[PDB]
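Chemist: structural data only, the sequence is not supplied:
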């Protein structure tokens, strides 16, 4: 893809509809050149994370009709933002048989 | 008894005070909402089918969605009602005490089952589910002093640039727009399409 | 297979939207518009159910059609009405008289 | 405690009337059934996609 | 929410094109804002009047600074407790403090009003007085409170759309009353042992006291006329009580209303505007001394968009600028409708939304009229038509039955011949789209304006889609390239279809609104409708939805509850005096207060709205309180003294005068404003105020010479034989 | 909920086609209503023996 080809087809439109969602602080968003689109939304202090994942999520549910068939196939997913935690097992092969 | 503080005051002259502060604090933060809540929650899916038409909107979308509504806790009634302005609104009044969040959720699980049946033109159209009072909170006038722009230029503006957030904000259950955001409009002409042997297709 | 349709298209919808009323599995099935293929007789005409399906799909369908006195009108304009176009087959005669 | 009430039984008797009068209403508008909520809750997903 | 929007907006303002401003039409926020603050002003100010009454009776500074600083303590602590109880600040939870300020001035008076005497008993001892006065009073305070509770709590126990509305008074007062006792056993006792301690002036009362103490007792003697008097004043109420109509909450001037303007279906956008202007103009010209803004919106249907409806958010001035009911939303919107319905060929009309009534009392009934069998639209129309018809023949009682604008309008069919079509090589699809693109728009997909993805639609220029004869312009490439025209695979024919399809609970429905206007009972209307809703052809059912859902549901009998309150007002009382008999001495006062209220409420143009029960229980109760202390002093100045018969009643009603006269006057003059208020939130003020003031004076004197009789009438008539 | 089911089922009889009965086969609600008569009764009865 690329940023226009993504911010125009997806970052937006998706983000056009995040509207309805309860205790939302702000919503930032990235449109990089590899076809990735991350559109995290931090929410007020102690709101129920489980219930904000819902709506947010549930509200994508209405923009998809609009996303292009390339994207809706890969599937947009929604989760709670953490991206460094507990442990991280690693699995290597020290006899060059198995590739990445 | 009173005896205690009768002899030793300055210990009741503080209770009062602390007590008083408790009300000071508790006032800075106590919700001054209008009046208590008494209005039973209501969610209202509401699709739309471009230039469709009443019997059409409804034998083709509304019956579809409704049939699919069950497994919904505390639900007093629902009442579809939908115009031939190619348009629908179906509104479910769940009990009283019902957690709006959950119905709004609830409802959404069902309807999502029908997404796949609506006609494409209703999908792409956008279809939506809400959790708000029907009466209007407030109105936000947007006027243009220089007359440097028009009605149609302002509906745009506003849209591009101000709903978006409105639409987005805790509290702002539903924003109607008292106009319309712009769009490449291709006012065709037949005589022509005809001349050069073309059709809207 | 006469009454089942009744309770399904006549009473399973409210029962299952009634209070306390969890889920609500139905010992029966609603009325389909069952159309039974005849092998040798379809063959008799050089036709596959593919063709059948094709017909069923253009003969029995609803079609949005816009309105005289459209959305924005000409300065003048008086008459404003729906233009009802094609439409769904409610009976069973038609289903029988579809043109293959 | 006693020595009061034993001296001053109306009050006493009164407390006994209230508890009864107060409660006992809660029998005319209090839920009824066999067992309360006993089973743990379960949820089911439901897929279903042609033969 | 409104703080946010308005502040969100903010972030905007700095950046929009040139001369582009946000005006502010119909907003409901500030009323609420001003409203519950126009109440604060009351408390704040009525703690002032109380400070003065506590002067014309006590004549010192720091001896006044004590009872007047009780209510402000208590009240503040009520707000804390409110918060603890996860409640809020709002009208109900405020008037509740208002109607409760009596219950605070008094409980403070009572105390210092007592250590005020006994200072006329011990020459000059402060701590001795205050302390002595306590004990022979403390267990008394704990009991009134443990009894008034019941004069409140058994309301806000019947639930409903309402119920929660009363639960607000209930709690605010059941507590804040309690804090009154903690102040009473903490702040008021001490502090009043810390800072406590005109011949044609002071002498006023005192000279006029004995003259009171005289008039008493001697009463009901060589003419029993007085014990009769009650059964008169009683039979007094009961009458007037059934004459005085009841109501939930009094509609109020919020400073904003809106105007419908639904023309009949099939109208033209251009006409609808016509109507809308004029409405915009009428207000502009005529009531311009009021109408401050008019945000005329056309095409906006309240029950769905439409070329034939519209709406007009009208916005007034500061109220202050609009004295007299002539400049109130009700009147402004009265004539405002008379003017319309005239020169207007559509069903235009204005009105003021009923405050706190998200459906509570919208007056009338929704009667959804469902299609219980495989009937159809047409039939069902008819079946309504009948039900509708009858409705007319029974106007005997007050009614105004009717539907909601689903009136069938002319459609224009166009029946495509799939054969002629595939005959001429045309596909159905190509046609379909052509039909439904030129005449019904279509959105291909998404262009981008100035970095904001926006929609793209193909459709016919207006001028090539306005009358059926235009459907003759479009032709359609067949497979042979030959351009063919619709009138060659089709044919059209006008007919009647519906511009709106109701459904209610899955079955097709048709809403029939209507009322039982001034005269008959809202439960007759329904009865009647249900009656003639059982004629209509087989297949036709019906049902209620909305105000009527809630009518057959949520009326948890008050007397049925208020009885359980009697039982508890008694068992408590008895509880207190140890007598299955003494307590009737006090209960009997109940009437002497509601007598005033059920009047004034009739004198002024008022109802049985809430705000009448709150001021009805605040008296009903308070009244039973000053009565305790004047029946408590007996059984005591009697059971624990050298006195008895009338000797008891003697210094009892004698010492219960300064207090009464003080409180009663402390409260009344305090509620002054409420009664005749300016105009903003008045509705609720005026109603609180007339019910109390005219129910206080009516039970202050008219009880002061009256409990005494009771007490005697009581136990003397229990030692008879 | 039983008291609603039957309560609604009552609303949709008046319009049943020519002859249609609503047998009430398998229902575990009479049992409850009884196994509460028993206990409740043994209570009075308890009270009595004491």
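Modeler: Alright, I've got the coordinates. Residues are numbered from 1 along each chain as shown, chains lettered A, B, ... in the order given.

Chemist: which residue is nearest the middle of the chain?
Modeler: Went with chain A since none was named. By Cα atoms, centre = their mean, chain A has its centre lying nearest to residue A:38, at 4.4 Å.

Chemist: wait, I meant chain E there
Modeler: residue E:249 (2.6 Å).

Chemist: quick one: contacts of the lengthiest helix in chain C?
Modeler: When chain C is parsed with DSSP state H, its longest helix is helix C:49-59. Around helix C:49-59, the neighbours that count as contacts under Cβ atoms under 8 Å, 6 or more residues apart in numbering or on different chains are C:35, C:37, C:42, C:89, C:94, C:95, C:98, C:99, C:100, E:418, E:428. The way it works is simple: take the backbone N, C-alpha and C, and place the C-beta from them, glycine included.

Chemist: gap between the residue in the stretch 451-600 of chain E that chain D sits nearest to and residue E:561?
Modeler: Evaluated by Cβ to the nearest Cβ, the stretch 451-600 of chain E has residue E:575 as its residue closest to chain D, separated by 3.8 Å. Residue E:575 is 21 Å from residue E:561, where distance means Cβ to Cβ, to the nearest Å.

Chemist: which residue of the two possesses the greater neighbour count?
Modeler: Ranked by neighbour count (other Cβ atoms under 10 Å in any protein chain shown), residue E:575 and residue E:561 place residue E:575 first, with 23 against 15.

Chemist: next one: that one from residue E:292, what distance?
Modeler: From residue E:575 to residue E:292 the distance is 59 Å (Cβ to Cβ).

Chemist: now residue C:28
Modeler: For residue C:28, the distance to residue E:292 - Cβ to Cβ - is 64 Å.

Chemist: cool, and residue A:32?
Modeler: 52 Å.

Chemist: more neighbours: which of the two?
Modeler: Shown here are residue A:32 and residue E:292; by other Cβ under 10 Å, residue E:292 has more neighbours (16 against 13).

Chemist: so who does that one touch?
Modeler: By Cβ under 8 Å, 6+ apart, the contact set of residue E:292 is E:315, E:316, E:317.

Chemist: phi and psi next, for the last one.
Modeler: Meaning residue E:317. Phi and psi for residue E:317, reported as degrees, to the nearest 10, are phi -100, psi -170.

Chemist: same thing with the first one?
Modeler: Its backbone dihedrals place residue E:315 at phi -130, psi 120, with angles given as degrees, to the nearest 10.

Chemist: ok, what's across the strand from it?
Modeler: Taking DSSP bridges as the rule, residue E:315 bridges to residue E:256, residue E:293.

Chemist: that one contacts residue E:258, doesn't it?
Modeler: No: assessed by Cβ atoms under 8 Å, residue E:315 is found out of contact with residue E:258, at 9.5 Å.

Chemist: shared neighbours, these two?
Modeler: With Cβ under 8 Å, 6+ apart as the test, residue E:315 and residue E:258 both reach residue E:26.

Chemist: residues in contact with the closest residue to the residue nearest to the centre of chain A other than its chain neighbours?
Modeler: Spatially, and ignoring its direct neighbours in sequence, residue A:38 is nearest to residue A:30 (5.1 Å; Cβ to Cβ, 6 or more residues apart in numbering or on different chains). Residue A:30 makes contacts with A:11, A:36, A:37, A:38, A:39, as judged by Cβ under 8 Å, 6+ apart.

Chemist: sitting in strands, which of the residues you listed do you find?
Modeler: Mapping the contacts of residue A:30 onto strands (DSSP state E) picks out A:37, A:38.

Chemist: by neighbour count, which of the contacts of residue A:30 wins?
Modeler: The member of these surrounded by the most neighbours (other Cβ under 10 Å) is residue A:37, with 21 neighbours in all.

Chemist: returning to what we had before: residue contacts, the residue nearest to the centre of chain E?
Modeler: By Cβ under 8 Å, 6+ apart, the contact set of residue E:249 is E:165, E:354, E:355, E:356, E:357, E:360, E:361, E:609, E:610, E:611, E:684.

Chemist: check chain E for the residue nearest chain C and tell me.
Modeler: Counting by Cβ to the nearest Cβ, chain E gets nearest chain C through residue E:440, at 2.7 Å.

Chemist: just to be sure, that residue is in a strand?
Modeler: No: under DSSP: H, G, I helix; E, B strand; the rest coil, residue E:440 falls outside any strand and is assigned coil.

Chemist: count of neighbours near it?
Modeler: Neighbours around residue E:440, by other Cβ under 10 Å: 29.

Chemist: that one against residue C:65, yeah?
Modeler: Yes: with contacts counted by Cβ under 8 Å, residue E:440 reaches residue C:65, the gap being 5.3 Å.

Chemist: shared neighbours, these two?
Modeler: Both residue E:440 and residue C:65 are contacted by B:51, C:83, under the criterion Cβ under 8 Å, 6+ apart.

Chemist: centroid residue for chain C?
Modeler: What sits nearest the mean C-alpha location of chain C, by Cα atoms, centre = their mean, is residue C:88, with 5.2 Å.

Chemist: could you find the closest non-adjacent residue to that residue?
Modeler: residue C:62 is the one closest to residue C:88 (Cβ to Cβ, 6+ apart), at 5.1 Å.

Chemist: so the one you found sits right up against residue C:87, yeah?
Modeler: Yes: judged on Cβ under 8 Å, residue C:62 makes contact with residue C:87 at a distance of 5.6 Å.
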